[PDB]
Structures are given as structure tokens and as C-alpha cells.
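# Part one of the assembly, not moved from where it sits:
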Amino acid sequence: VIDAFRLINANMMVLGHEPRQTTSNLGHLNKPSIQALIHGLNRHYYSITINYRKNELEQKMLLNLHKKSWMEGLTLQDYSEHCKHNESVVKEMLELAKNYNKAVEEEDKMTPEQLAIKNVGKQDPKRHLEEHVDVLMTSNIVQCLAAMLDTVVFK
């Protein structure tokens, strides 16, 4: 939070108040806080819009250099913690097995959306969606491809 405002004299309020001048720019995303509204500041004159000097030779330098991960994408990590991770993954999806089980016998013949709203369980089909399974799948294949890529490099 970086909010800038100006203190005003008593004359600004007795004249046409809201010293915000005639333009449609400072009204963009102008949400002063409730404690700022009841104080004079951020209410006396206006709230100043903020901008960041994201100039090149400065911003390109930051993104290229500061957030540096350039040869760290070659990590293999086949089973450093992954054999027990797969044990947990199977156990978690075994819970998904019971959850996706529980769903198929609920499955009522009264527009199951009616049953679902009043009986939310956040099961595999509803909240523990395929995306989590995709995360497990992506983790496996990434370690697979990294191990296999270095295997053929091993010549």
C-alpha cells in the first residue's frame, strides 16, 4: 500500500469541494480506505495515482538477472523423496477412490445437482479435481523426461 494525498486549507472545502479536478483518470481504481475517508487525508483533496518506472535497461535487467534460474532446470531428482511421495500419492488418491466411490452411489435420480448442493463433500469429481491428478502426472513425467534425457546424454 502506497497512498499519497495532500492536506488542504479551509478554503478548498467552502469552495467547490472534492478538489479532484475535471478528468476521468483519478477515478480509475480509486478506493480510499474507510479509515482514510473519516480522516481528512485521502479526503481533503484527492488520492494520488501511482506508477512504476518500469523502463527498459532497468526492467529487462531485473527480469533477466534477479529472478535467475538458468541451468537449474536440469535437475533429475528421480526418487530423492519420490518413492515415499508416490506412496503418499497412492494413499491420497485411494482417498479419492473412496470419494469418487461415495459419489457414484449418491448419484440420485432427482437432478443430482439438487443432491450435490446440499451434500457437498469436495470429492475427486467436485473439488479435488483432475487438476491435482494432473499435478501428480506432471511431476512423474517431468522426473521421467529429465532422467531419460540425461540417460541418452550419458554417452
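Happy to help now that I have it. Residues are numbered from 1 along each chain as shown, chains lettered A, B, ... in the order given.
# mind checking which helix or strand the residue nearest the centre of chain A is in?
In chain A, the C-alpha nearest the mean C-alpha coordinate belongs to residue A:131, at 15.0 Å (CA atoms, centre = their mean). Assessed by DSSP states H and E, residue A:131 sits inside helix A:130-153.
# For that helix, which residues meet the burial criterion?
A:136, A:143, A:146 (16 or more other CB atoms under 10 Å). Every residue, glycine included, has its C-beta placed from N, CA and C.
# Just the C-alphas of stretch A:77-88, formatted as PDB.
The C-alpha coordinates for stretch A:77-88 follow below in PDB (Å, rounded to 0.1, in the frame of the first residue of the first chain):
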ATOM      1  CA  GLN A  77      15.600 -36.000  -8.800                       C
ATOM      2  CA  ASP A  78      14.200 -39.400  -9.800                       C
ATOM      3  CA  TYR A  79      13.400 -40.800  -6.300                       C
ATOM      4  CA  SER A  80      15.100 -38.400  -3.800                       C
ATOM      5  CA  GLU A  81      11.800 -38.200  -1.900                       C
ATOM      6  CA  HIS A  82       9.600 -39.600  -4.600                       C
ATOM      7  CA  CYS A  83       9.300 -43.300  -3.700                       C
ATOM      8  CA  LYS A  84       7.600 -42.300  -0.500                       C
ATOM      9  CA  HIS A  85       5.900 -39.400  -2.300                       C
ATOM     10  CA  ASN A  86       4.300 -42.000  -4.700                       C
ATOM     11  CA  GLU A  87       3.200 -43.900  -1.600                       C
ATOM     12  CA  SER A  88       1.500 -40.800  -0.400                       C
END
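# any chance you could map the helices in chain A?
Counting by DSSP state H, chain A has helices at residues A:10-14, A:34-38, A:59-61, A:82-106, A:112-118, A:130-153.
# I'd assumed residue A:76 was in contact with residue A:150.
Yes: counting by CB atoms under 8 Å, residue A:150 touches residue A:76, with 5.9 Å between them.
# Which one, of the helices of chain A, ends up nearest to residue A:45?
Nearest of the helices of chain A to residue A:45, taken as CB to CB: helix A:10-14 at 6.9 Å.
# Need the contact partners of the closest one.
Contacts of helix A:10-14 with the rest of the structure, by CB atoms under 8 Å, 6 or more residues apart in numbering, involve A:19, A:44, A:45.
# ok, those vs residue A:7, which is closest?
residue A:44 (5.8 Å).
# who's in contact with the nearest residue to that closest one once chain neighbours are set aside?
Closest residue to residue A:44 apart from its sequence neighbours, by CB to CB, 6 or more residues apart in numbering: residue A:8 at 4.1 Å. Applying CB under 8 Å, 6+ apart to residue A:8 gives the contacts A:19, A:40, A:44, A:45.
# Let's add chain B too:
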Amino acid sequence: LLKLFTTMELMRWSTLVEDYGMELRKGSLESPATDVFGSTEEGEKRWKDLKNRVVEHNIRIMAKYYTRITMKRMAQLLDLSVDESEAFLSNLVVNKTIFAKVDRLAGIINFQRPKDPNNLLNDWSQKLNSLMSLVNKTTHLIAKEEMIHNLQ
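Chain B goes in next, on the same frame as the chains above:
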């Protein structure tokens, strides 16, 4: 002490009784040596206690050096026969001193624990990361030495 303490030398006690066994016959004072080994009954017991002590020492040093050694060579190194060598080998393993597995029909032994594929790929990945770090260090070193060497 310098010979028999470190560097995992072959402690052939048959050779040691003349190479470093002079304390039995004649030394500077040889009074403790005659008390230990020059005695008849208790001396021969301590002679046997030197005889075996170098056998476990030879087995132990062989453990960290040789993975699989043929039965004839190990028995010759232990200055005993096959059955006596395997009996002492059983004496070490029951004390959990060494990790040894023997095929008695084949007379072949192994000292390396079977590498589980989990940690086997872990050390491979650690080997990979060590190589990756070496690439980073070499690249910085050569490029900077390149910079110094072309200041001309």
C-alpha cells in the same frame, strides 16, 4: 606401531614374527615382551590371541578394499584353510562388524549392500548436480581467465 596401525597392510603374522617379531627373542629390554609372548602357557595363549587378532584385522581391511575375493586367496591371506576362514568370517558377521554375504557352494563372498533403485538414482542425480556445479565453476573460471589473458 607404524606398520600395524594404519594403511590396511597385509598383516601376514608368518612374516610379522620375523619382520617385527624380534621383541620375542632380543630387543632393547624385551622384559614386557617375554612376559607377554615369551611365556609358555599364557604366552602361547597370547600368541594365539595375536594370531587371530591379525585375522579379523586382515578381514576388516579386506572388507573396505575387495568386494569379491576368491576363497583360496582369502584363506591364504588369513593363513588358514577354507573351513577355518569361513568360521572366522561367521564370527565377524554374528558381531555385525562386517556386511558379508557368502555363497558356500560357490565359495564366493560380497561386501556391498544391494543398492536400492531409489537411492541409486539419487546418487546419480547427486552426481549429475556435482557435474552441473563443476560446469558452473569451470565456466566462470575459464571465462575470467579468458578476460585476463586477452588484456593485450
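# back to the buried residues of helix A:130-153, now that we've got chain B?
A:136, A:143, A:146, A:147, A:150 (16 or more other CB atoms under 10 Å in any protein chain shown).
# Could you list which of these also contact chain B?
A:147, A:150 (CB under 8 Å from any CB of the partner chain).
# In CSV, list the buried residues of helix A:130-153 along with distance to residue A:123.
Shown next, in CSV, are the buried residues of helix A:130-153 (distance: CB to CB, whole Å):
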residue, distance to residue A:123
A:136, 17
A:143, 28
A:146, 33
A:147, 33
A:150, 39
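# Chain B contacts on chain A?
Contact residues (CB under 8 Å from any CB) of chain A with chain B: A:71, A:74, A:75, A:76, A:77, A:78, A:79, A:80, A:82, A:83, A:147, A:150.
# what about the fifth one, how many neighbours?
Right, the one you point to is residue A:77. By other CB atoms under 10 Å in any protein chain shown, the residues close to residue A:77 number 18.
# Correct me if wrong: residue B:4 contacts residue B:12.
No: in this structure, residue B:4 is not within contact of residue B:12 by CB under 8 Å, at 11.3 Å.
# list the contacts for residue B:121?
A:76, A:78, A:79, A:147 (CB atoms under 8 Å, 6 or more residues apart in numbering or on different chains).
# repeat that for 6 Å
A:78, A:79 (CB atoms under 6 Å, 6 or more residues apart in numbering or on different chains).
# Residue A:112: what's its closest spatial neighbour, skipping adjacent residues?
Residue nearest to residue A:112 in three dimensions, not counting chain neighbours: residue A:106, with 7.4 Å by CB to CB, 6 or more residues apart in numbering or on different chains.
# hang on, the earlier thing: out of the buried residues of helix A:130-153, which two sit at the greatest distance?
A:136 and A:150 (22.2 Å).
# one step back: how much space separates the residue nearest to residue A:112 from residue A:99?
11 Å (CB to CB, to the nearest Å).
# Comparing the two, which residue is more hemmed in?
residue A:99 (18 against 13).
# hang on, the more buried one packs against residue A:125?
No: assessed by CB atoms under 6 Å, residue A:99 is found out of contact with residue A:125, at 8.0 Å.
# Could you pull up the contacting residues of residue 78?
Here I'm looking at chain A. Counting by CB under 6 Å, 6+ apart, residue A:78 has contacts A:143, A:147, B:121.
# my bad, the chain I had in mind was chain B
By CB under 6 Å, 6+ apart, the neighbours of residue B:78 are B:55, B:85.
# roughly how far apart are it and chain A?
From residue B:78 across to chain A, the span is 40 Å (CB to the nearest CB, to the nearest Å).
# next one: phi and psi at that residue?
Backbone torsions of residue B:78, given as degrees, to the nearest 10, read phi -90, psi 0.
# also put chain C on there:
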Amino acid sequence: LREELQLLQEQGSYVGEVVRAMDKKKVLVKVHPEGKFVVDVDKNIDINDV
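Below is chain C, added to the chains above:
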């Protein structure tokens, strides 16, 4: 939901036990940490809605 999280950074909503509903869009309310806190009435609920 992120805006809800940012709103809840200010505690979001404060639970109050309504007691007296005055005509001028005023309800006394009781809050467990402190107690009574006279306040106005929201736009979505009228004076009689209290």
C-alpha cells in the same frame, strides 16, 4: 476470493448481536470483544428489516 482475503485482512465482517433497532437507520448491536457499538444500517436491508 483474493479480494475477500484482502477484505478479511480488515477482519472482514464483525459479528454483532442486534438488540435495539432505532428508526433513524440505527442499531445498537453487541460485539463480544467490546460490546455495544451504535452504527447505521446497510442499504440492502431496510430499517424494518432489522
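# now with chain C: the contacts of residue B:121?
Neighbours of residue B:121 in contact, by CB under 6 Å, 6+ apart: A:78, A:79.
# and it, helix, strand or coil?
Judged by DSSP: H, G, I helix; E, B strand; the rest coil, the three-state class of residue B:121 is helix.
# tell me what the helix or strand encompassing residue B:86 is packed against?
Residue B:86 is part of helix B:82-93 when elements are defined by DSSP H and E. Where contact means 3 or more CB pairs under 6 Å, 6 or more residues apart in numbering or on different chains; DSSP states H and E, helix B:82-93 is packed against helix B:71-77.
# Just the CA coordinates for the helix it packs on, please, in PDB.
Only the C-alpha atoms of helix B:71-77 are listed here, as PDB (Å, rounded to 0.1, in the frame of the first residue of the first chain):
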ATOM      1  CA  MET B  71      38.000 -68.400  -1.200                       C
ATOM      2  CA  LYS B  72      41.500 -69.800  -1.800                       C
ATOM      3  CA  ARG B  73      43.100 -66.300  -1.800                       C
ATOM      4  CA  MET B  74      41.300 -65.200   1.300                       C
ATOM      5  CA  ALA B  75      42.200 -68.400   3.200                       C
ATOM      6  CA  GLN B  76      45.900 -68.000   2.100                       C
ATOM      7  CA  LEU B  77      45.800 -64.300   3.200                       C
END
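# Now it: buried residues?
B:71, B:74, B:75, B:77.
# Save those as CSV, and put in distance to residue B:86 too.
Listed next are those as CSV, based on distance: CB to CB, whole Å:
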residue, distance to residue B:86
B:71, 8
B:74, 9
B:75, 9
B:77, 14
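# Just the C-alphas of stretch B:30-42, formatted as PDB.
Only the C-alpha atoms of stretch B:30-42 are listed here, as PDB (Å, rounded to 0.1, in the frame of the first residue of the first chain):
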ATOM      1  CA  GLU B  30      62.400 -57.400  26.000                       C
ATOM      2  CA  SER B  31      61.100 -57.800  29.500                       C
ATOM      3  CA  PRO B  32      57.400 -57.000  28.800                       C
ATOM      4  CA  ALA B  33      57.700 -58.900  25.500                       C
ATOM      5  CA  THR B  34      58.900 -62.100  27.300                       C
ATOM      6  CA  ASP B  35      56.100 -61.600  29.800                       C
ATOM      7  CA  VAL B  36      53.500 -61.400  27.000                       C
ATOM      8  CA  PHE B  37      54.700 -63.900  24.400                       C
ATOM      9  CA  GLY B  38      57.800 -65.400  25.900                       C
ATOM     10  CA  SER B  39      55.700 -67.300  28.400                       C
ATOM     11  CA  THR B  40      54.900 -71.000  27.800                       C
ATOM     12  CA  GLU B  41      51.200 -71.400  28.600                       C
ATOM     13  CA  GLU B  42      49.900 -67.900  28.900                       C
END
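# Right, I'll leave it there.
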